[PDB]
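For reference, the structure discussed in these notes is given below.
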Number of protein chains: 2
Amino acid sequence: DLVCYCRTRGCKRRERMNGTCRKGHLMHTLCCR
Amino acid sequence: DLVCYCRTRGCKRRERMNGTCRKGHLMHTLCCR
């Protein structure tokens, strides 16, 4: 599987940008490793 | 697949803590579903 973080800015080291996600009905980055 | 949010107020009822995370140099719950 995949562990993904829904982040307010960009993705961390070694994380993949796996499209976007929503938090508080606002666009965020889906960062997965 | 797991999607995790670093939440200022804590985890939704359908989420579960999964350790902590940092946000604005402050410690918060990491909440995943």
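Each chain in the structure tokens gets a letter, A, B and so on, in the order shown; residues start at 1 in every chain, and ligands are counted from 1 in the order they appear.
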Strand (DSSP E or B) per DSSP on the backbone: members of chain B, as a PyMOL selection string | chain B and resi 2-7+16-23+26-32
Could those selected residues go to a file with N, CA, C and O atoms, as a compact mmCIF listing (two decimals), in the first residue's frame?
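Contents of the output file again24.txt:
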```
# COMPACT_ATOMS: atom_id res chain seq x y z
N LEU B 2 -3.57 4.73 2.99
CA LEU B 2 -3.85 5.58 4.14
C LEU B 2 -3.61 7.04 3.75
O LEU B 2 -2.61 7.35 3.10
N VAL B 3 -4.52 7.93 4.16
CA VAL B 3 -4.33 9.36 3.94
C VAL B 3 -4.34 10.00 5.31
O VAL B 3 -5.25 9.72 6.12
N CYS B 4 -3.31 10.77 5.60
CA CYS B 4 -3.10 11.37 6.91
C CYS B 4 -3.13 12.89 6.82
O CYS B 4 -2.55 13.47 5.91
N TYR B 5 -3.76 13.51 7.85
CA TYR B 5 -3.84 14.96 7.98
C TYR B 5 -3.22 15.33 9.31
O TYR B 5 -3.49 14.66 10.31
N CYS B 6 -2.41 16.37 9.31
CA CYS B 6 -1.88 16.93 10.56
C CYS B 6 -2.88 17.98 11.04
O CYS B 6 -2.97 19.07 10.45
N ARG B 7 -3.68 17.64 12.05
CA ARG B 7 -4.87 18.43 12.38
C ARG B 7 -4.64 19.30 13.61
O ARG B 7 -4.16 18.81 14.64
N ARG B 16 -8.16 7.99 12.85
CA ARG B 16 -7.49 7.53 14.05
C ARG B 16 -6.15 8.22 14.14
O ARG B 16 -5.49 8.44 13.11
N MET B 17 -5.77 8.59 15.36
CA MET B 17 -4.44 9.12 15.55
C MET B 17 -3.45 8.12 14.97
O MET B 17 -3.76 6.93 14.75
N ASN B 18 -2.32 8.63 14.55
CA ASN B 18 -1.27 7.76 14.08
C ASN B 18 0.05 8.40 14.48
O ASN B 18 0.87 8.76 13.65
N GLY B 19 0.23 8.61 15.75
CA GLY B 19 1.30 9.47 16.21
C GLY B 19 1.02 10.97 16.12
O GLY B 19 -0.12 11.46 16.01
N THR B 20 2.12 11.72 16.20
CA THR B 20 2.06 13.17 16.17
C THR B 20 2.69 13.70 14.88
O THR B 20 3.31 12.96 14.10
N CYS B 21 2.54 15.00 14.67
CA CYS B 21 3.12 15.69 13.53
C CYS B 21 3.38 17.12 13.96
O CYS B 21 2.86 17.59 14.96
N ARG B 22 4.21 17.83 13.19
CA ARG B 22 4.53 19.22 13.49
C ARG B 22 3.87 20.16 12.48
O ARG B 22 3.79 19.86 11.28
N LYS B 23 3.41 21.31 12.98
CA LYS B 23 2.68 22.29 12.18
C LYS B 23 2.88 23.66 12.81
O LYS B 23 2.49 23.89 13.95
N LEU B 26 4.56 23.72 16.10
CA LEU B 26 3.78 23.22 17.22
C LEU B 26 3.39 21.78 16.96
O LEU B 26 3.21 21.37 15.81
N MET B 27 3.22 21.00 18.03
CA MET B 27 2.93 19.58 17.89
C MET B 27 1.42 19.36 17.81
O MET B 27 0.64 20.01 18.51
N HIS B 28 1.01 18.44 16.94
CA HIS B 28 -0.39 18.19 16.67
C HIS B 28 -0.60 16.69 16.49
O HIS B 28 0.36 15.92 16.38
N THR B 29 -1.86 16.26 16.49
CA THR B 29 -2.21 14.90 16.16
C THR B 29 -2.06 14.68 14.65
O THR B 29 -2.63 15.45 13.86
N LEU B 30 -1.47 13.55 14.27
CA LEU B 30 -1.57 13.06 12.88
C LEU B 30 -2.78 12.12 12.82
O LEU B 30 -2.86 11.16 13.59
N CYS B 31 -3.69 12.35 11.88
CA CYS B 31 -4.97 11.68 11.85
C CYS B 31 -5.15 11.03 10.51
O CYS B 31 -5.09 11.74 9.52
N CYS B 32 -5.37 9.72 10.49
CA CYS B 32 -5.37 8.99 9.23
C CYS B 32 -6.65 8.19 9.07
O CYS B 32 -7.26 7.77 10.06
```
Return the Cα root-mean-square deviation, in Å, for chain B superposed on chain A by least squares with the Cα atoms paired in order.
->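 It is 0.8 Å.
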Taking into account only C-alpha atoms, which residue in the set B:25, B:33, B:10, B:1 is nearest to chain A?
->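 With only C-alpha atoms as the atom set, the closest residue is B:1.
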